Structures are given as C-alpha cells and as structure tokens.
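Below, in structure tokens: the form deposited in one PDB entry, a single chain.
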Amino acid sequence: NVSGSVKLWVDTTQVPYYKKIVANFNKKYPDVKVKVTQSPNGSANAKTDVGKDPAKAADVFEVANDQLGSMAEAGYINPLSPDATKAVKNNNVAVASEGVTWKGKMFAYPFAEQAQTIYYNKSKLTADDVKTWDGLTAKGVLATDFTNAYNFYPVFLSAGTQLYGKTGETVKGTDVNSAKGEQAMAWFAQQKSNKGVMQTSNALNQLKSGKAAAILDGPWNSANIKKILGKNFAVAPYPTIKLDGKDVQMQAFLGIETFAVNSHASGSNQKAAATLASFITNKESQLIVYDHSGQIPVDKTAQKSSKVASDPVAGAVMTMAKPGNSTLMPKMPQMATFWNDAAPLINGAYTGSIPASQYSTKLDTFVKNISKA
C-alpha cells in the first residue's frame, strides 16, 4: 500500500488544475495526503529554491530539464528506479527521455515539450509575413526581451556554434568565441535600430493592448494567448534570420518540463512522492495540463490524440523540435552560470554597451566563464 504525506510545488497559475490531477491521484491512492502549493519562485528557479534548504523544500517539484545535472551532482535528486525509468522511456517521446537523462540515469519525470514559437495577431500580419524576421518586423511590431538569454542565445546556434559540444555534454565544448559567434552578436546589435522590434519586460501586455503584432513565447502561454487574441489568434514556427548575409532558420531552445523527487524524503513519504510524480506526469494528467494551459504532452499517445494533433500550437512546436529548428537545453552543472553570463552578453550587444570592437574579447571571456570544472 502507498501511504504518506507529500508536498507538491507547481507554478502559480497551475495550482487549480494540479488540484484536479491530485483528486484523480487520490481516487487510486486514497492514503496519500498531498498539499499542493505554488513554489517560492517557480520551475525556472527550482535549482535555487531547493538549494537554499533542500530539507525544507517540497517533496515533488516542477523543474526544467536544464537544471537536472546541477541538482543530480549536488545530491538533491536521486536516479529513478528501473521500473520508473522503463515507464518514462516507453510512454514518452525519445527527446523527453534524453531531457531527463544525466550520465546514463534518469533524474526526473518528464511531462511537457517546450519550444517557443511566434504568436501573432493575424489581423496585423499574414502567414507569409512571419516567415522571415526582417519581413515580419518591417510590417509589424514584435515585442520581446533581450535580457532573457532563453529567448536569444539560440541565435548563436543558428550561427553554427555549439553549446557544450556536439552533445551538450562537453565542459569545454562551447565554441561561440569565433567569427560565427560575432555574426550573432552583430545580429543582436542590428535589432536596436529595427523599428519593428520592441524591448519590453512584458510582451504579453503589448500583445493584449495591440501595441505588438507578434511575440515570441512558449506553450505555457498557449491558452492564455488564444484567450487574448480570440479570432485573430495565429501561431508559426520561428522565422529565418539573416546571418552573414545568408538566410538561416532562427532556433529556439527545446526544453522538457519535469517533476523531480526531493532526495530528502524517506520511508513511506519517499514512496508516496515517487508515486505522485509518476501519476501527475502520466498520460491522463498530461492531457489535463494540455486542456488548461495548452502545454504539449510528451506522452506518445497523447501527442497523436485528435485534440492535440489538430492544435496549431502543437504542430508549430513539433516543427520547432525538428533538427535544425531547436537545440535541446543542455543540463551541465555549469548551466546556472551560463544563464547568468549569457544575458549581459546578448543584451550588451543589443544595446551597444558592447561595441563590435569588443565582440571577440567578450565572447572569449564568456567561454572561459562558463567552462569551469
């Protein structure tokens, strides 16, 4: 019998439907007491929410796949059992398994596939307009944030550089300190004078007011944006961009959203936590998340269901997940330093705080900073 008491951390607006999922869980596991709350700072900050005091953190918590290597090496999460590993591998798409695997072992329970797309108001821009960055921004305003490296670091990947090597597993493998990296820096800088590019900390509000015709965003906002745009809703994969005078696809990161089990839980509570993590990432639960938020399941069967298959956001995400259109986020322990250092690199190029005469130096220093043992 599974019994115990578990705390579950989810992101703010997810609480209502995780309570529904937990009610489903409790039909099968009536002797597990679950408390569902928001986390202190959300799934994009699980590393530091848990690391501040692992023994006081939730037993099961939402976390993006890039954070897993750091958390595994710190001992905050343990490997999944053989049976749990088999279920993850068999039920979900291959990239979901890759996303949670570190040194040959799975460390979390994947549930959603995340790639950003263009969301746009089709009364302001056409499907043809959004195929290229320069064409889109010549015709309407794209609102975005150059201080968030999750948005723009993948331009370096479009430029032909590697992040932690060919596999994302090589500490010294980032090669952005190159002429190709400089092409990306120049692209950022070009956007400052692009009248169709608006820097904002809240792109969603600009879409809502009609001051932006398009934004780059992820599927955690799919249902939100469908509500904002109504009959004018449209979505597309990322456009091409011009780097060194050549059109190339602009990449996004591919992320896998997961739940992980805190290694501090023990005894019955540990078993209950693992059971909960497995249940809330099962097919039925993934489809409940989809119904409420529009996030894209990783379950193989759920992706093929008619509601998911007919959703234009799902189609655009599965295009973005193809080779060449995105790169799976690495999960190296160095990733937290990478994110911290990448944002000023990119934003400095955009604002001109880093002039072109400094691109090579700044890229060299960046690679040194993010490549330490």
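The numbering used is simple: start at 1 and walk along the sequence shown.
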item	value
Of 241 to 249 and 130 to 138, the one with larger mean CA B-factor	241 to 249
301 to 309 versus 39 to 47 - which carries the larger mean C-alpha B factor in the record	301 to 309
Largest Cα B-factor, entry values, listed residues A72, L207, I118, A149	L207
Maximum C-alpha temperature factor, selected from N221, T258, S278, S178	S178
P344 by Cα B-factor - lowest, middle or highest third of the modelled chain	middle
Within-chain third of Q199 by Cα B-factor, per the entry	highest
Where the record places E169 (Cα B-factor, split into thirds across the chain)	highest
CA B-factor ranking of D217, expressed as a third of its chain	lowest
Chain-wide C-alpha B factor ranking for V317, given as lowest, middle or highest third	middle
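Below: the form deposited in another entry, not depicted.
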query	finding
Rigid-part agreement of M185 with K368 between the shown form and the other one	yes
Closer or farther in the other entry: C-alpha pair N205, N41 (3 angstroms or more)	farther
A149 and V15, C-alpha gap in the other entry relative to this structure (3 Å or more)	farther
